[PDB]
């Protein structure tokens, strides 16, 4: 499973859409095969692991209890309403699972806005009482590094892990516990349309000639000015990002963005 030599990662799925897992599969230089063969030992991951059922849960127990230590990477919010019953794995609530496992980790990374801040299932009226990891588990002393976004840039996960492995510590974190090396700038201050913003040159509609010519998307709802992420710099899939595809930022790396950034097409 794991013992010596590559650092052990236990990857947990709570209330999630698996988009964060999929983002990790997009890893580029290093690619995911290098990450799981050379860099790390991926010791539990429900999406791709061979074992199922009891065999899978024994793999989890072996990983978590290893004297060698593990890193937890957590995808999804924790449903806390009704004593956690809205989300169960192996007939345990996700709240229970995370409460037992996460305090045992050497380091915890909350990956994606759901794990960091509660995410889509936490949007009003939040029927499942979904919480981010640090909120849910504050009483146990868990302080996960928050890598926000819906999903985040996988560059930001790999970079955080590499930093931690090298330095044996978290990188500098902002007041939302996000690494400043990735989340220190607004989307907007990095945006190629900023000169149009400065000039008050806004697209009035998506069909307009102004939108064709690449004018600023603020009037159409762009949340770049209030969103911290590295999207314009790193891009996604080595090729694009929302504003370059003509669509406003929806604020997806910010807490409560589903309710704070809506309606998405207004500012």
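Positions refer to the first chain, counted from 1.
Asker: If you average the Cα B factors in the entry, which is higher, 191-199 or 109-117?
Answerer: Averaging CA B-factors over each stretch, the winner is 191-199.
Asker: Looking at the deposited entry, does 175-183 or 138-146 carry the larger mean Cα B-factor?
Answerer: It is 138-146 that shows the higher mean C-alpha B-factor.
Asker: Considering only 222, 40, 226, 27, which residue's Cα atom bears the greatest B-factor as recorded?
Answerer: Spelled out: the listed residue with the top C-alpha B-factor is 40.
Asker: Comparing recorded Cα B-factors across 82, 78, 123, 158, which one is largest?
Answerer: By C-alpha B-factor in the record, 82 ranks first.
Asker: In terms of the CA temperature factor given in the entry, to which third of its chain does residue 34 belong: lowest, middle or highest?
Answerer: Highest third - that is where residue 34 ends up once the chain's C-alpha B-factors are sorted.
Asker: What third of its chain, lowest, middle or highest, does the C-alpha temperature factor of residue 44 fall into?
Answerer: Middle third of the chain for residue 44's C-alpha B-factor.
Asker: Residue 73's Cα B-factor: lowest, middle or highest third of the chain?
Answerer: Middle third, going by the recorded CA B-factors of the chain.
Asker: According to the PDB entry, is the CA B factor of residue 87 in the bottom, middle or top third of its chain, that is, lowest, middle or highest?
Answerer: Answer is middle: the recorded C-alpha B-factor places it there.
Asker: Compare the C-alpha B factor of residue 103 with those of the other modelled residues in its chain, then answer lowest, middle or highest third.
Answerer: As the PDB entry reports it, the C-alpha B-factor of residue 103 lands in the highest third of its chain.
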